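Scroll down for the structure; my scribbles are underneath it.
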DNA sequence: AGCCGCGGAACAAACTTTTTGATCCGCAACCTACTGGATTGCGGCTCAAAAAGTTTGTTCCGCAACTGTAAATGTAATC
């Protein structure tokens, strides 16, 4: 069905393990705007994986510009 | 490029919890025996009054995603 190359890159990133890679994967498969047909089950899987991969991370302030 | 409801805020009258400045009243002191005058004085206790501390009803401030005819595009990478 010729999944776009950017979609394949995001899937590879999610397989490696990232939280945004699956965020922008359950919002790419849940709407028609991003350019791919909406699949609900395979978007729900990406949403669950994105939420599961958030644990263990620390939120810190990196830089600042006054 | 426009500006939805939501929730803090910047202000501003009302409650509300103490800071202060007298007034009083036992209360031991004199004085002498003891209500000694026709006396003072002195320290807890209480009084509203008012300069301080919340509490609560109103008014603007800000901000997001996308809009009405409208692209599925073999590979990688740029703004």
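Numbering (the deposited numbering), first residue to last: 3 to 68. Beta carbons are placed, not taken as given, at the ideal position from N, Cα and C, and that holds for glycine.
Asked                                                                                                                         : Found
Take residue 32 as the anchor and find which of 21, 48 and 18 has the nearest alpha-carbon.                                   : 48
Following the continuous alpha helix (DSSP H) through residue 48, name the residue where it begins and the one where it ends. : 43-54
Within 10 angstroms of its Cβ, does residue 16 collect 16 or more other Cβ (buried), or is it exposed?                        : buried
From the DSSP output, in three-state form, read off residue 12 for me.                                                        : helix
Kindly indicate which three-state DSSP category residue 26 falls into: helix, strand or coil?                                 : helix
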